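Engineer: My structure is below; once you've seen it, I'll send some questions.
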Amino acid sequence: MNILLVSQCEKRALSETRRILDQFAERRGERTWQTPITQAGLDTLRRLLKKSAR
DNA sequence: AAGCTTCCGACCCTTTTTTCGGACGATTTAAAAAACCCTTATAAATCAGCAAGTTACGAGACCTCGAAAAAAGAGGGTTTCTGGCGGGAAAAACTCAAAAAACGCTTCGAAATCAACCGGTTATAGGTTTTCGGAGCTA
């Protein structure tokens, strides 16, 4: 399972999103990450982002 | 000798850093302009309290615009409370059947009886007091 993530967030939300994703993948651009990851991990990732969405 | 691969020089273009120049501001110094002083007897201002007439400054009010704060509206999400539907087990009606059990025939003669009133029997409605079961609690 191989993932590519992009963020269109802005203002206060962008900082929070960076706070989460940076702990799961190396950053490849200003707003994008790319990494391999297991299915369970990805589920945890989405759950975490949802928990504090704006 | 030829082809492939790799450096190297020449150049082209744009961005990033440095240097220089120019301009503007600030400060200092010098020059120019406004001003101060010294001579005045005579003319005008000083001021006394109050009247009579007027207003420059203060207060009130409203408007105007702009911005700030608050409230509302929107959207993202999670947790839970309820309702509907589906599924398995138990109950009870429904269907099928037998075997008793009652009823009738049908009893002339043997109990059953009601009545009022006494004493006596005792099931139990109702209330009173109490073990058993469960509360979970805690590692």
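All residue names refer to the structure tokens as shown: chains lettered A, B, ... in order, residues numbered from 1 in each chain, ligands numbered from 1 in order.
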As a PDB file with N, CA and C atoms, in the first residue's frame, please: all residues of chain A that backbone DSSP puts in strand (DSSP E or B).

Structural biologist:
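File written: states-v1.pdb
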```pdb
ATOM      1  N   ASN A   2       0.705   2.083  -1.012  1.00  0.00           N
ATOM      2  CA  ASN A   2       1.616   3.181  -1.302  1.00  0.00           C
ATOM      3  C   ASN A   2       0.795   4.440  -1.531  1.00  0.00           C
ATOM      4  N   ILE A   3       1.112   5.503  -0.796  1.00  0.00           N
ATOM      5  CA  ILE A   3       0.195   6.621  -0.632  1.00  0.00           C
ATOM      6  C   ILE A   3       0.861   7.928  -1.029  1.00  0.00           C
ATOM      7  N   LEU A   4       0.038   8.849  -1.528  1.00  0.00           N
ATOM      8  CA  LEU A   4       0.440  10.215  -1.839  1.00  0.00           C
ATOM      9  C   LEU A   4      -0.623  11.144  -1.279  1.00  0.00           C
ATOM     10  N   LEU A   5      -0.217  12.068  -0.414  1.00  0.00           N
ATOM     11  CA  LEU A   5      -1.135  12.947   0.294  1.00  0.00           C
ATOM     12  C   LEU A   5      -0.892  14.391  -0.112  1.00  0.00           C
ATOM     13  N   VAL A   6      -1.973  15.151  -0.242  1.00  0.00           N
ATOM     14  CA  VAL A   6      -1.913  16.562  -0.596  1.00  0.00           C
ATOM     15  C   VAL A   6      -2.817  17.332   0.350  1.00  0.00           C
ATOM     16  N   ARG A  27       8.077  14.769   4.320  1.00  0.00           N
ATOM     17  CA  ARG A  27       7.456  15.805   3.514  1.00  0.00           C
ATOM     18  C   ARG A  27       8.210  15.949   2.203  1.00  0.00           C
ATOM     19  N   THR A  32       2.687  18.382   0.624  1.00  0.00           N
ATOM     20  CA  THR A  32       2.476  17.020   0.160  1.00  0.00           C
ATOM     21  C   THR A  32       3.429  16.057   0.844  1.00  0.00           C
ATOM     22  N   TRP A  33       2.961  14.825   1.007  1.00  0.00           N
ATOM     23  CA  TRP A  33       3.721  13.751   1.618  1.00  0.00           C
ATOM     24  C   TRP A  33       3.571  12.502   0.764  1.00  0.00           C
ATOM     25  N   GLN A  34       4.549  11.609   0.867  1.00  0.00           N
ATOM     26  CA  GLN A  34       4.540  10.377   0.089  1.00  0.00           C
ATOM     27  C   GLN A  34       5.287   9.310   0.868  1.00  0.00           C
ATOM     28  N   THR A  35       4.692   8.134   1.005  1.00  0.00           N
ATOM     29  CA  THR A  35       5.306   7.074   1.790  1.00  0.00           C
ATOM     30  C   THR A  35       4.557   5.775   1.538  1.00  0.00           C
ATOM     31  N   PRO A  36       5.210   4.640   1.763  1.00  0.00           N
ATOM     32  CA  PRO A  36       4.470   3.400   1.992  1.00  0.00           C
ATOM     33  C   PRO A  36       3.851   3.392   3.378  1.00  0.00           C
TER      34      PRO A  36
END
```

Engineer: Could you tell me which residues of chain A sit within 7 Å of chain B when counting only C-alpha atoms (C1' of nucleotides), and give me the result as an NGL selection string?

Structural biologist: :A and (50-51 or 53-54)

Engineer: Keeping only N, CA, C and O atoms, write the selected residues to a file as a JSON list (two decimals), in the first residue's frame.

Structural biologist:
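Just written: part_32.json:
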```
[["chain", "number", "residue", "atom", "x", "y", "z"],
["A", 50, "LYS", "N", -9.72, 13.33, 11.02],
["A", 50, "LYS", "CA", -11.12, 13.63, 11.27],
["A", 50, "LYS", "C", -11.32, 14.17, 12.67],
["A", 50, "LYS", "O", -12.11, 15.10, 12.88],
["A", 51, "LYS", "N", -10.61, 13.62, 13.65],
["A", 51, "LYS", "CA", -10.87, 13.95, 15.05],
["A", 51, "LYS", "C", -10.83, 15.45, 15.28],
["A", 51, "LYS", "O", -11.59, 15.97, 16.10],
["A", 53, "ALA", "N", -10.80, 17.95, 12.63],
["A", 53, "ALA", "CA", -10.97, 18.64, 11.36],
["A", 53, "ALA", "C", -11.59, 20.01, 11.57],
["A", 53, "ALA", "O", -12.25, 20.28, 12.58],
["A", 54, "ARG", "N", -11.37, 20.89, 10.60],
["A", 54, "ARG", "CA", -11.95, 22.22, 10.59],
["A", 54, "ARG", "C", -12.52, 22.50, 9.22],
["A", 54, "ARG", "O", -12.20, 21.83, 8.24]]
```

Engineer: For residue 12 (chain A), which residue among A:52, A:40, A:28, A:45 is the nearest when counting only C-alpha atoms?

Structural biologist: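 Of A:52, A:40, A:28, A:45, the one nearest residue 12 (chain A), counting only C-alpha atoms, is A:52.
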
Engineer: Go ahead and compute the interatomic distance for CA of residue 1 (chain A) and CA of residue 38 (chain A), in Å to one decimal.

Structural biologist: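 Rounded to one decimal, the two atoms are 6.0 Å apart.
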
Engineer: Output as a ChimeraX atom specification all residues of chain A that backbone DSSP marks as helix (DSSP H, G or I).

Structural biologist: /A:11-21,39-51
